[PDB]
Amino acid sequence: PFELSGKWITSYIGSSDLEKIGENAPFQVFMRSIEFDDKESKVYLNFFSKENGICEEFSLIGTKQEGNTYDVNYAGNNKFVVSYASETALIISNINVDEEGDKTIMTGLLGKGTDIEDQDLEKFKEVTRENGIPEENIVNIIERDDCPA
C-alpha cells in the first residue's frame, strides 16, 4: 500500500521555459509537504519560494479533476499530475499558463529529504525528456534550497 501524502522535498526541476525556474522565479519551488484528500477531492501543497532572495512560504489547495490531475492557482493557472510514485519519490508534471498567457511545461523530482536515489533520478530525467525539456534546462534544487525546514 503506497502512501503519497506526507513530507516531500524538491530535488530537481526541469522546465520548457528557463525564465520560470531561475533565481527568485515563481517555479523554483522548495517543496515541504503534499497531502492528498481523495474524500474531499483536494490536494494540499506547502512550500517555500524566493522573492528578493528571501524565503516565503505558501500553503495552497488544489482541486481534483478528470483523470488524476489537479487544478491549482499560483503564478497563473496550473494543471499537474503525479506522473510517478515510489516509496522514495514523486515526479510531478505541471502545465502552467501564466498571467500573460504563456504556457510552460515543468517537471519536479520530490523525495523524503536530500539524499537522492539514482533510480528515481533516472525516471525524472526520462519524464523530463519525454516532455520535450532539454537536459540543460534542469536545475539542482537541493543545492539552492536554504529555506527553513
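We number the residues from 1 along the sequence you see.
As the entry records it, the average C-alpha temperature factor is higher for 18-26, out of 121-129 and 18-26. When the C-alpha B factors of 65, 83, 107, 49 are read from the deposited coordinates, the top value falls at 65. Of all the options 93, 33, 96, 69, the entry's greatest CA B-factor is assigned to 69.
Ranked by C-alpha B-factor against the other modelled residues of its chain, residue 57 falls in the middle third.
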